[PDB]
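To keep things clear, I will list the structure first and then write my remarks on it.
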Amino acid sequence: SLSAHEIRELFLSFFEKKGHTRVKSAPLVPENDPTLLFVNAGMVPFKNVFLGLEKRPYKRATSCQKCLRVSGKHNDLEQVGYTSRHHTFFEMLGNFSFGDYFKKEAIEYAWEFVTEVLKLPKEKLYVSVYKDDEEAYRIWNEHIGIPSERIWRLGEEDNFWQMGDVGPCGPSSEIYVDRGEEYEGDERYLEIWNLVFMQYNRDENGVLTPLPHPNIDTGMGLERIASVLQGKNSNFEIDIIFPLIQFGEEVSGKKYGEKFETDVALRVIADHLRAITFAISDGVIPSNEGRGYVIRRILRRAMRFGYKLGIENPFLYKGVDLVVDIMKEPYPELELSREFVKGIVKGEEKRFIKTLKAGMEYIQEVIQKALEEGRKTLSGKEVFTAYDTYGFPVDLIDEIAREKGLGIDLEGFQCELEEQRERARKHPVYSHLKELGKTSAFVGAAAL
């Protein structure tokens, strides 16, 4: 079955056996990239090394990178809790080639690891390739020996990766595990490894041209593969995550696996505990803008859901100790920041907990009132009150109102935001007018 931790060392040691230099995970916070809030994939820190802007004593690297998909084009936050596969924080195993080996080697190593190391049966494995990538197809079908019936030729939306609107890109090949006739769609053929074949460079006119030195970029989500080997049907039930669910159960006195809504809260708490512990350890301080407001919302979202389960006192700070104890092996640095992080979280919860309760009462009040008078949305003045007066993040206001089938007057809120900005011009963070509505979803009222 292999524990999560074992799958990590196996993956890292396996590639070292292939001349790959084990590179320590880069911190979640990008050293010099103010446009990207958090690292979202293994290749991020190696970006310039893939572009030739940097160099390294090695041509082959591997690593288990700390990732967060809570911003930009890779924002999964809104879904965390509702599904069994979405996370804010997660670990991505990866092997990279900087102008070295390519498709052939990338596939051989992958197939070897999956079949020999993880011991996954070859008969229950499927692979996808870009329809126009005859090269990849051949390697799988002939070289590796995968029967045609287990190879899928899909389109650009399925098997083509790009570094950006412009720049290096290329076809990709994903490895799926057929979990059995009991599951459906992507739950039955759970993708576990994405092999990106950086083969081209897209110019400003969309024209593709080969790269003088094609690169390799792979990413295997740790929790995901662990759920497979561990025989679980949810990433949250794996060895390094289920203990956090149990924690939620103990604090709230509720049981996991009895009510979807109850599970939502428990998952959110478990996921969010990991995000805040890792983010904060890596130097993120809760604030009303940028990276700090991302952790603030996440941390505030767990509070709300925790409160929804009946927890009346701060509790997240206790979960930090569990995250550190579970992950100290792979990330020993966590023990040296344990108390620091615990103190940050406990301070945050004690700062907003009463406001949260008072605000939840107000919010449910207007909501109830709204659906009693036939209204289908929360007005701009109401969305503004919860946001300004109770400090509730706009996304949290929307999620709460959604549970009752109510939306939010984005336009009214927009204007309501301008009137306030005017109250500062008639009676940090910058934003054009008519943008206050979009900016407010990423900053605290005070920031504006």
Using 0.36 nm per residue of separation minus the Cα-Cα distance, give me the extension gain between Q79 and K122 in nm, one decimal. 12.3 nm
Within segment 189-230, list the residues whose amide N lies under 16 Å from a label point set 7 Å along Cα→Cβ of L10. 192-193, 220-230
Loop chymotrypsin sites (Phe, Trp or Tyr not before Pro), segment 70-113 (other Cβ atoms within 10 Å of the site Cβ: 16 or fewer; DSSP): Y82
So if the hydrodynamic radius of segment 101-258 is defined as the Kirkwood radius over C-alpha pairs, what does Stokes-Einstein give as its diffusion coefficient at 4 °C and 1.567 mPa s, in µm² per second? 75
Between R179 and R56, what length in nm is gained on full extension when 0.36 nm per residue of separation is reduced by their alpha carbon distance? 40.3 nm
Computed from the mean reciprocal separation of all distinct C-alpha pairs, what Kirkwood hydrodynamic radius does segment 24-93 have, in Å? 13.1
So what's segment 242-300 giving for Rg/Rh, alpha carbon basis, Kirkwood Rh from the mean inverse pair distance? 1.07
Using a Cα-Cα cut-off of under 20 Å, which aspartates and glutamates could be cross-linked to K376, ignoring same-chain neighbours fewer than 8 residues away? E361, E365, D395, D398, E399, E403, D409, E411, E416
Greater than 26 Å separation of Cα atoms is the criterion. Which listed pairs, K47/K346; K259/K404; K47/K73, meet it? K47/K346
Cβ-based net charge around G180, under 14 Å, with every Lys or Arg adding one and every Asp or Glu removing one: -3
P(r) histogram, all alpha-carbon pairs of the chain included - 10 Å bins from 0, percent: 4, 19, 27, 24, 17, 7, 1, 0
How many angstrom separate the Cα center of segment 146-204 from the Cα center of segment 45-67? 22
Could you tell me the distance between the Cα centroids of segment 374-411 and segment 262-304, to the nearest Å? 21
Determine the sum of side-chain charges near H432: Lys and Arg each +1, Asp and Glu each -1, restricted to other residues whose C-beta is under 13 angstrom from that of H432. +1
Before rounding to the nearest 500, sum -39500 (n - 2.57) across all DSSP H runs of length at least 4 in the chain and divide by the residue total; then give [θ] at 222 nm in deg cm²/dmol. -12500 deg cm²/dmol
Partner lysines for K342 [C-alpha distance under 23 Å; skip if fewer than 8 residues away on the same chain]: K66, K308, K318, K328, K350, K354, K357
re segment 234-448: pairs of Cα atoms spaced beyond 31 Å account for a percent value of 25
Can you give the extra length, in nm with one decimal, that the chain gains between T115 and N48 once fully stretched, where that is 0.36 nm per residue apart less the Cα-Cα distance? 20.9 nm
Starting from 0 in steps of 10 Å, tell me what percent of the Cα-Cα pairs of segment 309-425 lands in each bin. 13, 32, 24, 19, 11, 1
If you project the alpha carbons of segment 1-233 onto their three principal axes, what span does each projection cover, largest first, in Å? 46, 39, 35
Could you compute the net charge surrounding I353? Neighbours are other residues with a C-beta less than 12 Å from the C-beta of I353; K and R count +1, D and E count -1. +4
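Here, each number is a calculation from the coordinates, and none is a lab measurement. All Cβ positions, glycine included, derive from the backbone under ideal geometry; neighbour counts span all protein chains shown.
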